Amino acid sequence: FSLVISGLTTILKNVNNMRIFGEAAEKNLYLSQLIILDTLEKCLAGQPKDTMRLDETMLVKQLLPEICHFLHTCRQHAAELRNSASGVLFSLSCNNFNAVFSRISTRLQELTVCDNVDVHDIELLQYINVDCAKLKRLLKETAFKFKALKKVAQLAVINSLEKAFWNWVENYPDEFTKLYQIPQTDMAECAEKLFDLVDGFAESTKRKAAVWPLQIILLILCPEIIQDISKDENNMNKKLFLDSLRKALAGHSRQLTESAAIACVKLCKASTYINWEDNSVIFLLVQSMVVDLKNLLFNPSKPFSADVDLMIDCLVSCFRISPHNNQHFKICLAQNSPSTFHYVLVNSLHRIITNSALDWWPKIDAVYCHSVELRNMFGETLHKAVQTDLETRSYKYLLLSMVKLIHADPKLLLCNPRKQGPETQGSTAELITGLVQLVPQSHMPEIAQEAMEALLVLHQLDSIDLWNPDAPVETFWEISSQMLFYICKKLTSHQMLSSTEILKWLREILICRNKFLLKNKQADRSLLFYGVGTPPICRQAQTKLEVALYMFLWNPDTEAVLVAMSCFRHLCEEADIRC
């Protein structure tokens, strides 16, 4: 506990207090500090809250210049260090929240009386873990210090508060619904005071646009007030603010419309976070501007505003609230739709499959109705990089996105019932063949690695069974033989600049093939008639396998010999299993 924290803090301070005059020294320190921060964050997460590390106030004060040794001034390794420090501070807030809040309050009080920048050490609430009572207390402090503060300080507090509320929603997606279930008078009063303070800063279009993202959130924080606005003099400012948005959202300037669209997307995200069963007219309020948002973002002729993130967020929110209303997705599944539309749709589907709370949020289902078209688009892509510059870069990124999608879920594209005869060459087999051809491609290595790991992911027996409902074993063996042919010809061609990784993944593929063969043999002894007795394709595939393996022992590298010997052991294992 305390001793480990002290040692880690001393090590981190020594690392931060360095020189790194040379070139490789900075790169080495970038990894060293990242590893140290990861270890510290893991240690803090493991340490129970019952430790009560209030005695670590000195350690927290040291970490203020140590954990924020690079985020104090806040001027790629910097991004990784920032992420590590954010995680560390989030872990700290679980136990030493009081010291962090005291430091934040002291910094705010000092900066109010105090000109380049002073939000540093005062915007620490940005990465601080939030709680309902903690959020209410911070709102009270903001109410008590907003007026007698600089405009820059007020804007910094607003920016910290918006994503602090986002953090509270994400970490605690139960108190947010609790507020709309059981009202809290203190939170409502704090939200009203914050709204009044924000309405104090409504200088011009820029200031109003900046306030709108917070103003919408604060309005959401008051359910009863929002309900009453539709039907008082005290509510005149909120009705005026909403009206403004509607029009700025009605396209009648550009900056105001963009800010209003961002605020309405945040509204949609909050409504998704809001109770689906208990709409409380929040869903209706969102739907009042969902049509305008659809006409803004999802109009092909109308250019977007940045665009990808907002489009994905809006699509995810629309799917969450209305899974059946898949008209926008259907519009994105159009040839005339831009490649950006396809990229946004792919990202939306991935994040549906990726991390998401198991709330009223719909699952990956109800998206298989468009699986045929989904594979139609990536077939239309046909890997134009191997089959002006901006289009090629967009296509390559879109290829990487679909590969990551397949990583997340194979079942999205595996719905291929047409694979009966010659149509199999335009089916699951075509998908696997196209995925394989990416590996030898030297134009882009990251896509090769991603598609390679995707082939590994689809090669497990669970993904194997989702290929041919009639005779999965025969089609599996045939396609595996085809890809083994291609890989062996590529390897014997001796143009594999990354031959080490290729050999490793080939070992994995062989291991999975032998595991599936053992599973089939235990299921059915007799495969036997498809490569064990043109000659059988499996025999030729094994011949290519052993030829390439014999080539590997001759490779002038060093780690490849071990790979080839492990592959020899696995070939012996599969030969034993087949008998």
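Virtual Cβ from ideal backbone geometry, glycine too; neighbours counted across all protein chains shown. Every number here is computed from the coordinates shown, using simple stated rules; none is lab data.
Sorted by packing (mean other beta-carbon atoms within 10 Å per residue), highest first, where do 280-293, 260-273, 311-324 land?
Going by the mean number of other Cβ atoms within 10 Å, highest first, we get 260-273, 311-324, 280-293.
In nm², what is the average projected area of the convex hull enclosing the Cα atoms of segment 311-444? Don't jump to the answer; show the numbers that get you there.
Details: hull surface 35.2 nm².
Seen from a random direction, the Cα hull of segment 311-444 projects 8.8 nm² on average.
Can you give the charge dipole size of the chain about its Cα centre, rounded to the nearest 20 debye, using +1 on the beta carbon of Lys and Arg and -1 on the beta carbon of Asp and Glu?
That gives a dipole near 520 debye.
By the gyration tensor of its Cα atoms, with a ≥ b ≥ c the square roots of the eigenvalues, what is the shape of segment 496-579: rounded for a/c under 1.5, prolate for a/b over b/c, or oblate?
It is prolate, given that a/c is not under 1.5 and a/b is the larger ratio.
Cα-based Rg of segment 415-555 per 2.2 N^0.38 Å, rounded to two decimals?
Dividing the Cα radius of gyration by 2.2 N^0.38 Å gives 1.04.
Can you tell me the convex hull volume per residue for segment 181-299, based on C-alpha atoms, in Å³ to the nearest whole number?
Taking the convex hull of the Cα positions in segment 181-299, it is 103 Å³ per residue.
For segment 446-451, in order, what is each residue's ³J(HN,Hα) by Karplus, 6.51 cos²θ - 1.76 cosθ + 1.60 with θ = phi - 60°, in whole Hz (x at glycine and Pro)?
So the Karplus estimates, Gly and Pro as x, are 5, 5, 4, 5, 5, 5 Hz.
Hey, if you drop one equal point scatterer on each alpha-carbon of segment 102-203 and run the Debye formula without solvent, what base-10 log of I(q)/I(0) do you get at q = 0.20, 0.22 Å⁻¹?
Per q value, in the given order, log10 I(q)/I(0) is -1.03, -1.21.
At 7 Å along Cα-to-Cβ for each site, give me the label-to-label distance between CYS114 and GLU189 in nm.
3.2
Place +1 on the Cβ of every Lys and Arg and -1 on the Cβ of every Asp and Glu in segment 90-176, take the dipole about the Cα centre, and give the residue among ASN95, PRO173, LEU161 whose Cα lies farthest towards its positive end.
The one lying farthest along the dipole's positive direction is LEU161.
How big is D for segment 433-494, in µm² s⁻¹ as a whole number, if Stokes-Einstein is applied with the Kirkwood radius of its Cα pairs at 20 °C and 1.002 mPa s?
Details: Rh = 12.5 Å.
D = 171 µm²/s.
Farthest toward the dipole's positive end in the chain, which of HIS252, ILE321, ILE36, given Cβ charges of +1 (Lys, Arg) and -1 (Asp, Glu) about the Cα centre?
Farthest along the dipole direction, towards plus: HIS252.
Checking the cross-link filter: which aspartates and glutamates have an alpha carbon closer than 15 Å to that of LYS266, excluding same-chain neighbours under 8 positions apart?
Once the sequence-local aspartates and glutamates are set aside, what remains near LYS266 is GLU162, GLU170, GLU258, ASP292, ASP307, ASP309, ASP313.
Between segment 515-579 and segment 18-65, how many Å separate their Cα centres?
Segment 515-579 and segment 18-65 have Cα centres spaced 48 Å from each other.
Work out the length of the dipole vector of segment 391-514 about its Cα centre, built from +1 on the beta-carbon of each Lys and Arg and -1 on the beta-carbon of each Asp and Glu, and round it to the nearest 20 debye. If you can, show how the numbers build up before the last one.
Values: 11 positive and 14 negative charges, 65 e Å.
Magnitude of the dipole: close to 320 debye.
Which loop trypsin sites (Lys or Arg not before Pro) in segment 7-47, with loop taken from DSSP, have no more than 13 other Cβ atoms within 10 angstrom of their Cβ? Each step should come with its number before you reach the end.
Working: sites: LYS13, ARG19, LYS27, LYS42; in loops: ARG19.
Passing both the DSSP loop test and the Cβ count: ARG19.
Could you tell me the center-to-center distance, by alpha carbons, between segment 457-506 and segment 131-167 in angstrom?
Distance between centres, Cα-based: 55 Å.
Quick one: Kirkwood hydrodynamic radius for segment 233-359, alpha-carbon pairs, angstrom, one decimal? Present the calculation step by step, with values, prior to reporting the outcome.
On the way: mean 1/r = 0.0652 Å⁻¹.
Final number for the Kirkwood radius of segment 233-359 is 15.3 Å.
Helix-only mean residue ellipticity at 222 nm, the chain, DSSP H runs n ≥ 4 weighted -39,500 (n - 2.57), per residue, nearest 500. What is it?
-22500 deg cm²/dmol
Hey, what do the phi angles of segment 356-370 turn into as Karplus ³J(HN,Hα) couplings, whole Hz, using 6.51/-1.76/1.60 and θ = phi - 60°, x for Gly and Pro?
7, 5, 7, 8, 3, 2, x, 7, 5, 5, 6, 10, 6, 5, 10
Taking the Cα centre of segment 36-112 as the origin, how large is its charge dipole in debye, to the nearest 20, when only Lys and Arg (+1) and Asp and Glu (-1) carry charge on their Cβ atoms?
180
Hey, which of these cross-link pairs are over 23 Å Cα-Cα: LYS42/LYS363; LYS136/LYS178; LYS193/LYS294; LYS150/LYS239?
Over 23 Å apart, Cα to Cα: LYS42/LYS363; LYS193/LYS294; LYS150/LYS239.
Specify which residue in the list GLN542, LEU390, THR73 is farthest towards the positive end of the charge dipole of the chain, using unit charges on the beta carbon of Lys, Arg (+1) and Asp, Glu (-1), about the Cα centre.
Towards the positive end, the residue furthest out is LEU390.
I'm a student and want to see the number: the projected area of the Cα convex hull of the chain, averaged over all directions, in nm².
Answer in nm², one decimal: 33.3.
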